[PDB]
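Consider the single chain below, provided in structure tokens and representing the form deposited in one PDB entry.
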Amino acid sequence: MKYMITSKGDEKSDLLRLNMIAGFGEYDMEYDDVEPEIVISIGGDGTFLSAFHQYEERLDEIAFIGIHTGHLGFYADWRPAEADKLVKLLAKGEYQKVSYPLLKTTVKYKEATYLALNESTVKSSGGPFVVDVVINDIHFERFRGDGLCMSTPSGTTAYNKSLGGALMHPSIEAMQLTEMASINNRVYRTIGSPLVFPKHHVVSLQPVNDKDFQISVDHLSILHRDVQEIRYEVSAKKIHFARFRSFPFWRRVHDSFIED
């Protein structure tokens, strides 16, 4: 089975990568970073993010594995000392697949589309941030403030969390929108609360004056000029994980935030 391995780049991660490759050499496993069926990421959640985007064009043909070298990561839930056990199980195909929902972002000017594993956020180019929020073609509110964040289920433990958003189990096909320092006057009104949308619901952000926005997708952040619309919806695409043992999302949340 074709596979590839990305690395954080530091000494610890590269040597672990080299050892796993040597181990894979003792099995019927072909290293291939062009069309792998298995992508192993060694490092943190930031390394896993990169691995995901590196292969976002063939998400349906890939099963991802995360190794943390590293504090306990949400995506990288494998200890380094378990690497040898890992190469074994991967070789004999003793694993099933677990899928998480993704977020689709469409920027219309032409138009560009992006896929997020964590979230996509929108900010202004420097001036004040003012946008109209439209839900399924119905004007919901005019948001004034620092920006808006639209998170996937697995992304709720990231940026979303810092903004007061709720943590959602990744078996729920939804996206969550949170506010960033909204102005609430006797003249300016936002909902304040995070909003959780189901599949097929479309949230559209529309410029009021300034048409330039700094739009981020996970770790990537690009300036978009002359934007007519930003469109959010639960993607039809999903990310597939290879799971060899039980590591429940809530236990992962506990170990990362409460006590490990």
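In this text, the rigid core denotes the largest set of C-alpha atoms whose superposition between the two forms falls within 1.5 Å. In this text, residue numbers run from 1 along the sequence as written.
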property: Other entries omitting residue 194, at least a third; result: no
property: Absent coordinates for residue 70 in a third or more of other compared entries; result: yes
property: Residue 109 to residue 110: deposited residues without atomic coordinates; result: 4 to 9
property: Stretch with the higher entry mean CA B-factor, where the candidates are 247-255 and 7-15; result: 7-15
property: 154-162 or 185-193, whichever carries the higher mean Cα B-factor; result: 185-193
property: Options 56, 37, 233, 212 - largest CA temperature factor per the record; result: 56
property: Residue with highest C-alpha B-factor in the PDB entry, from 174, 177, 89, 135; result: 89
property: Entry-reported Cα temperature factor of residue 70, expressed as the chain third it lands in; result: highest
property: Third assignment of residue 42 from its chain's C-alpha B-factors; result: middle
property: For residue 105, the third of its chain into which the C-alpha B factor falls; result: middle
property: Position of residue 83 among the chain's modelled residues by C-alpha B-factor, lowest, middle or highest third; result: highest
property: Third of chain Cα B-factors occupied by residue 123; result: middle
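FYI, the form deposited in another entry isn't displayed, but the following is about it.
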| property | result |
| --- | --- |
| Core-superposed C-alpha of residue 188 shifting 2 Å or more between the shown form and the other one | yes |
